[PDB]
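Shown next, in structure tokens, is the structure this report addresses.
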Amino acid sequence: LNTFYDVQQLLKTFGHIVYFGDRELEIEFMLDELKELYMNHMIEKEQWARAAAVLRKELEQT
């Protein structure tokens with residue numbers, strides 16, 4: 001929805017609770033997972049677009 005944490009909860013719903021010790025790499029992983037979820041029709045286009053956007057912002061902020 002709005003923050004990195006929110007996206008974390010979205011992906012936690014689908015089993016992914018990750019921590020590699022590097023925010024940039026965790027974000028890239030998360031973006032791959034979101035895309036796979038959307039490609040597999042498990043999340044609506046609106047949620048995926050917003051989730052990726054939030055991750056892009058987080059990436060810029062880190």
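Residues in the structure tokens are named by chain (A, B, ... in the order shown) and by number from 1 within that chain; ligands are numbered from 1 in the order shown.
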For this session: Find the residues near region 50-60 of chain A: any atom within 10 Å, counting only C-alpha atoms, skip ones fewer than 5 places away on the same chain, and give them as a PyMOL selection string.
Result: chain A and resi 1-8+10-11+23-28+30-32+34-35+45
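Checking A:9, A:40, A:62, A:48 one by one against residue 22 (chain A), counting only C-alpha atoms, you find the shortest gap at A:62.
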Exercise. Running DSSP on the backbone, which parts of chain A land in alpha helix (DSSP H), as a PyMOL selection string?
Worked result: chain A and resi 4-12+23-39+45-61
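One finds CA of residue 41 (chain A) at 29.5 Å from CA of residue 61 (chain A).
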Problem set entry | Straight-line distance linking CA of residue 18 (chain A) with CA of residue 49 (chain A), stated in Å to one decimal |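 Straight-line distance from CA of residue 18 (chain A) to CA of residue 49 (chain A) works out to 20.8 Å.
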Problem set entry | Coordinates-based distance that separates CA of residue 29 (chain A) from CA of residue 16 (chain A) (Å, one decimal) | 9.9 Å
